[PDB]
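All of this is worked out from the model, or read from it or from the source named; these are not laboratory values. Note that each Cβ is placed from the backbone with ideal geometry, even for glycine, and that neighbours are counted across all protein chains shown.
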Amino acid sequence: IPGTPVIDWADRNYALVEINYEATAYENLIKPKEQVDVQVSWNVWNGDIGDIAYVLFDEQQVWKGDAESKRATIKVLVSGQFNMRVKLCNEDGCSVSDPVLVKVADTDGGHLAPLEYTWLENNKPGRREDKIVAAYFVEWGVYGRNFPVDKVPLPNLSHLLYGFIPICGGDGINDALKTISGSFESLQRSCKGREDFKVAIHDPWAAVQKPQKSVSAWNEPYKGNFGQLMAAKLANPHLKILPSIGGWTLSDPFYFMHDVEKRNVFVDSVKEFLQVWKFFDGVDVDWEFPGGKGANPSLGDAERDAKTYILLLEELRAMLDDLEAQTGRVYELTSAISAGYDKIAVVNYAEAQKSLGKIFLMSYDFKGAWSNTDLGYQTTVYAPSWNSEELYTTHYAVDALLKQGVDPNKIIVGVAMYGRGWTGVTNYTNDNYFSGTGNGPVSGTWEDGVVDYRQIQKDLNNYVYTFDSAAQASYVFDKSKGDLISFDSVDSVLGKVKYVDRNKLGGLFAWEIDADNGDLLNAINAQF
Ligand SMILES: CC(=O)N[C@@H]1[C@@H](O)[C@H](O[C@@H]2O[C@H](CO)[C@@H](O)[C@H](O)[C@H]2NC(C)=O)[C@@H](CO)O[C@H]1O
Ligand SMILES: CC(=O)N[C@@H]1[C@@H](O)[C@H](O)[C@@H](CO)O[C@H]1O
Ligand SMILES: CC(=O)N[C@@H]1[C@@H](O)[C@H](O)[C@@H](CO)O[C@H]1O
Ligand SMILES: CC(=O)N[C@@H]1[C@@H](O)[C@H](O)[C@@H](CO)O[C@H]1O
Ligand SMILES: [Cl-]
Ligand SMILES: [Cl-]
């Protein structure tokens with residue numbers, strides 16, 4: 001028998017996608033790899049080197065070669081952990097080394113352990129499984145809001161939408177970003193040396209670099225929101241995770257995509273992004289909005305954008321089908337859309353739904369502190385009791401989509417987990433505050449004019465509360481400060497559940513998950 005082989009000490013943690021934990025540019029951040037090369041070297045003690053050498057992974061042969069070299073190199077394609085041994089043979093028989101643990105990491109989380117949700121606040125088990133129940137998780141919530149992925153009530157969600165994946169571009173291309181201090185500068189860093197119109201990550205620190213629960217080791221392959229999402233998917237195998245591209249301030253590049261050159265760069269970038277970040281199950285298109293009236297007033301062209309949107313969806317669906325065939329997986333394609341009828345009219349949704357599995361109707365932000373004059377329900381199902389002629393309602397938006405021929409199955413109704421409101425509202429009559437005028441935005445939790453649902457509850461005693469059962473909408477008022485806030489409550493949300501059930505819609509989705517204390521998400525999952 002040959003001498004006993006002993007494997008040399010080595011870093012044996014490998015990554016099919018390498019992360020530079022100091023990089024700020026997306027192109028330095030990741031190093032995607034075809035394969036990983038597992039390296040082993042050994043020495044032989046008390047006997048001969050053997051006539052032949054084998055490498056075993058969990059007692060399966062993965063290499064044979066020269067015993068005299070005392071070295072082997074083994075190609076590995078997929079993530080996982082396994083025991084590696086060296087086995088030396090001669091005519092007599094074999095001697096085997098002690099095993100070493102080898103770890104190959106990849107973005108499907110194959111090297112990870114499940115990250116389970118511990119039940120926080122008022123959240124309660126029970127998920128409505130015959131409907132779409134989705135929520136947006138915002139990338140930047142890991143800061144002030146202190147809401148990392150591990151606080152997300154994933155057992156009660158069918159879908160988690162990651163907001164937001166940006167499109168690369170500087171001056172002229174992401175000007176909307178300039179309305180938020182540092183936001184445009186931050187994106188420029190992330191896209192440094194990266195071609196315009198490619199997808200990237202806005203905050204690679206929050207996305208992958210920041211230590212978080214269960215991904216905080218010194219040599220952790222993937223940290224941040226992304227690392228947490230890989231692990232959380234293992235704990236919640238029902239869940240689908242979608243990268244959401246665009247949103248209010250990141251939508252500008254879409255307006256340039258009538259040009260097939262830029263559109264091609266974008267679609268290819270998306271394809272590469274999903275191959276790099278295996279934990280995503282598709283793509284959510286959140287263009288705000290075809291036709292304009294988004295964060296950037298200069299932008300928008302109705303006839304041109306309606307076609308761009310259709311073309312873009314078609315090409316994304318065709319790309320996603322290639323991925324499906326190539327990986328054996330099922331990839332979704334969705335879009336978040338305005339619930340304003342004047343924005344809905346821009347787009348042929350009967351044509352769009354030929355590429356889309358779901359449409360996230362953004363039935364909120366109907367009204368807000370951008371105007372002191374136009375006071376009303378920021379979200380609501382029907383027209384208010386005091387104004388039966390309101391068109392900015394969930395019912396009208398849904399009706400408009402139905403009239404266009406959209407399957408009601410594909411329509412997902414939006415729930416705001418925050419309120420929009422005004423301060424100092426006066427010059428009104430008969431305690432109808434909505435006939436008054438505001439003196440500015442209500443003081444806000446994180447931004448002014450907007451209040452987390454959780455903050456609203458904590459502050460309930462400061463307010464007189466009103467439900468409008470005709471409209472299925474709620475609000476609060478504090479004469480003391482003249483504070484008026486319209487928001488989704490347990491009542492109005494149950495209203496929306498009833499509305500969705502009655503009209504056979506696809507389900508509901510919330511914006512944004514960190515603002516809830518569990519009340520609203522429980523309500524969303526209520527089954528009648
Ligand atoms: C009906 C409507 O949306 N009116 C416009 C407002 O929406 C818009 O404010 C923005 O609404 C977005 C929701 O779709 C928010 O995410 C966005 O944050 C909010 N505004 C700001 C500054 O944050 C305003 C522009 O403020 O214009 C209205 O006409
Ligand atoms: C960065 C890193 O992973 N370092 C190594 C790891 O590879 C090795 O497997 C382990 C002992 O096996 O000791 C660690 O220090
Ligand atoms: C990315 C992840 O965590 N899990 C996916 C899973 O969604 C999919 O069903 C499966 C099919 O191959 O591929 C896994 O990688
Ligand atoms: C931002 C805004 O207030 N837009 C108004 C909306 O309030 C109104 O209900 C509807 C009337 O058609 O559309 C717009 O004129
Ligand atoms: Cl860098
Ligand atoms: Cl390697």
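Scanning the range 1-17 for residues that are loosely packed, with under 15 Cβ neighbours inside 10 Å and either within 16 Å of ligand 3 (Cβ to nearest atom) or farther than 25 Å from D51 by Cβ (or both) gives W9, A10, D11.
Yes/no per residue for (1) buried (at least 24 other Cβ atoms within 10 Å of the Cβ); (2) within 16 Å of ligand 4 (Cβ to nearest atom); (3) basic (K, R):
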| site | (1), (2), (3) |
| --- | --- |
| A369 | no, yes, no |
| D374 | no, yes, no |
| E390 | no, yes, no |
| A397 | yes, yes, no |
| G405 | no, no, no |
| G414 | yes, no, no |
| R420 | yes, yes, yes |
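When the criteria are applied in full, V265 fails the requirement of being away from ligand 6 (no atom under 16 Å from the Cβ), on the phi < 0 side of the Ramachandran plot and in a loop (DSSP other than H, G, I, E, B). Taking the stated definitions as given, is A235 surrounded by fewer than 19 Cβ atoms within 10 Å (Cβ to Cβ) and touching a helix residue (DSSP H, G or I) at 6+ places or on another chain (Cβ under 9 Å)? Answer is yes for this residue.
Give the residues of the range 210-230 that are buried (at least 24 other Cβ atoms within 10 Å of the Cβ) and either hydrophobic (A, V, I, L, M, F, W, C) or within 20 Å of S186 (Cβ to Cβ) (or both), sorted by residue number. Answer for the range 210-230, where residues must be buried (at least 24 other Cβ atoms within 10 Å of the Cβ) and either hydrophobic (A, V, I, L, M, F, W, C) or within 20 Å of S186 (Cβ to Cβ) (or both): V215, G224, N225, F226, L229, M230. Name the residue that is farthest from ligand 2 (Cβ to nearest atom), counting only residues in the range 1-57 that are among the small types (G, A, S) and touching a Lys or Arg at 6+ places or on another chain (Cβ under 8 Å). Ranking the qualifying residues of the range 1-57, first place goes to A25. Exactly one residue out of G405, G421 is of a type in the set (G, A, S), closer than 24 Å to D342 by Cα, assigned by CATH to the domain that holds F360 and not in a helix (DSSP H, G or I), and it is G405. So, in the range 144-160, exactly how many residues are closer than 15 Å to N522 by Cα and in a loop (DSSP other than H, G, I, E, B)? The qualifying residues number 4. Selection of first residues in the range 30-43 that are within 16 Å of ligand 5 (Cβ to nearest atom) and of second residues that are charged (D, E, K, R), restricted to Cβ pairs under 6 Å at least 6 apart or on distinct chains, gives the following pairs, ordered by first then second residue: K31/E18.
Just the residues that are closer than 24 Å to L242 by Cβ, among the aliphatic types (A, V, I, L, M) and in contact with a strand residue (DSSP E or B) (Cβ under 6 Å, 6 or more places away or on another chain), please, taken from the range 84-126. Within the range 84-126, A105 is the sole residue that qualifies. Within the range 21-32, identify whether any single residue is closer than 27 Å to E220 by Cα, assigned to a strand (DSSP E or B), outside the structural domain of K223 (by CATH) and among the aromatic types (F, W, Y), and answer yes or no. Scanning the range 21-32, I find no residue that is closer than 27 Å to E220 by Cα, assigned to a strand (DSSP E or B), outside the structural domain of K223 (by CATH) and among the aromatic types (F, W, Y), so the answer is no. Output yes when any residue across the range 356-365 is out of contact with any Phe, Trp or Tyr (no Cβ under 6 Å at 6 or more places or on another chain), more than 18 Å from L160 (Cβ to Cβ) and surrounded by fewer than 21 Cβ atoms within 10 Å (Cβ to Cβ), and no when none is. Yes, the range 356-365 contains a residue that is out of contact with any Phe, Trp or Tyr (no Cβ under 6 Å at 6 or more places or on another chain), more than 18 Å from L160 (Cβ to Cβ) and surrounded by fewer than 21 Cβ atoms within 10 Å (Cβ to Cβ).
Residues are listed down the side, and each one gets a yes or a no for (1) assigned to a loop (DSSP other than H, G, I, E, B); (2) in the same structural domain as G357 (by CATH); (3) closer than 30 Å to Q39 by Cα:
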| position | (1), (2), (3) |
| --- | --- |
| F82 | no, no, yes |
| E121 | yes, yes, no |
| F164 | no, yes, no |
| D171 | yes, yes, no |
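I'd like to check something: does the range 68-85 contain any residue that is touching a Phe, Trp or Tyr at 6+ places or on another chain (Cβ under 6 Å), on the phi > 0 side of the Ramachandran plot and basic (K, R)? Yes - at least one qualifying residue is present in the range 68-85.
When you look at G141, is it in contact with a helix residue (DSSP H, G or I) (Cβ under 6 Å, 6 or more places away or on another chain) and buried (at least 21 other Cβ atoms within 10 Å of the Cβ), yes or no? Yes: the conditions hold for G141. The set of residues from the range 84-115 being surrounded by 18 or more Cβ atoms within 10 Å (Cβ to Cβ) and more than 44 Å from the chain's Cα centre (by Cα) comprises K87, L88, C89, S95, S97.
Among the residues that make up the range 174-193, is at least one of them touching a residue at least 60 places away in the same chain (Cβ under 8 Å), on the phi > 0 side of the Ramachandran plot, in the same structural domain as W248 (by CATH) and outside any strand (DSSP E or B)? The answer is yes, given that some residue of the range 174-193 is touching a residue at least 60 places away in the same chain (Cβ under 8 Å), on the phi > 0 side of the Ramachandran plot, in the same structural domain as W248 (by CATH) and outside any strand (DSSP E or B).
Comparison of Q457, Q472 shows that the only residue that is touching a helix residue (DSSP H, G or I) at 6+ places or on another chain (Cβ under 9 Å) and at positive phi is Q472.
The numbered conditions (1) touching a residue at least 24 places away in the same chain (Cβ under 8 Å); (2) assigned to a helix (DSSP H, G or I); (3) within 16 Å of ligand 3 (Cβ to nearest atom) are all true for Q326 except (1). The set of residues in the range 63-83 that are touching a residue at least 12 places away in the same chain (Cβ under 8 Å), buried (at least 16 other Cβ atoms within 10 Å of the Cβ) and either more than 30 Å from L234 (Cα to Cα) or touching a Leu at 6+ places or on another chain (Cβ under 7 Å) (or both) comprises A67, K70, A72, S79. Reported count of residues in the range 300-312, each being in contact (Cβ under 8 Å) with a residue 40 or more places away in the chain, surrounded by fewer than 20 Cβ atoms within 10 Å (Cβ to Cβ) and assigned to a helix (DSSP H, G or I), is 6.
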